[PDB]
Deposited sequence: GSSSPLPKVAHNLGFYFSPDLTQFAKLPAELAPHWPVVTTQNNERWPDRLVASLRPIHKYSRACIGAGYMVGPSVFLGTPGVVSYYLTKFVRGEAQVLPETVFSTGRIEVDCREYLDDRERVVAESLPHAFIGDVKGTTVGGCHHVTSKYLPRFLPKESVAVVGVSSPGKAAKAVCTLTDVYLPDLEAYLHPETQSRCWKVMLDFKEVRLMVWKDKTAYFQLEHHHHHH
């Protein structure tokens, strides 16, 4: 069996249907040859496909490190430095190079408010204005336990914007050459904008 992306990841690669994965909208097996589709079935029969796997499958399989993932009905947290799933994208039959990206951790989905590890605490401590009052990281001190889920906006997909990205993945951004930079960041294959003010604050827009 294989793990598989959170919906937003496939969505951002342009995938919405799946015959086999229930986090996505259903499409019958029979129609997969004629529509792009996310799956864990590496089915040569379906030419436009995104396949999730736990072992690479072609040189172009991207190892999705540290991502939130799902297995059957369950959601799991990414483990930093550990590969969540591989993704291999086939357009009109042939495997395609994926852009490089960072990954959401799954802390949002599973409502977890903790640092994943000491290294991430150490990064938050190094710029303590970052990601609170606007835009909160999942671990922000000021975030109340009961959020009203309807009115929350997620970075990479309003009461607030919210991210669960693993801080070290981002930490070079927090330290630009210029006094401040509006970066161009790939998160879950979606281009967001991280705005850094060296040594004061940073946040997404």
Would you flag the ranges of the deposited sequence that the structure leaves without C-alpha positions? 134 to 141, 166 to 173, 222 to 229
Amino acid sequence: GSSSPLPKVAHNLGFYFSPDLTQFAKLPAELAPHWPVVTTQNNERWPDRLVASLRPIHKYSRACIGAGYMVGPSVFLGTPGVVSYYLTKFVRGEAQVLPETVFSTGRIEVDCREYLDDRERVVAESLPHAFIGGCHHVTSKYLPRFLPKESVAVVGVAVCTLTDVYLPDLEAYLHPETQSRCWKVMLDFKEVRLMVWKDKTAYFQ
From here on, numbers count along this sequence of modelled residues.
Mean temperature factor over C-alpha atoms, higher-scoring stretch between 9 to 17 and 187 to 195: 187 to 195
Tell me which stretch has the larger mean Cα B-factor in this entry, 38 to 46 or 64 to 72. 38 to 46
Sorting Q96, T101, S104, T79 by Cα temperature factor from the record, which one lands on top? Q96
Maximum C-alpha temperature factor, selected from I108, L116, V91, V83: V91
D164 - Cα temperature factor, lowest/middle/highest third of chain: lowest
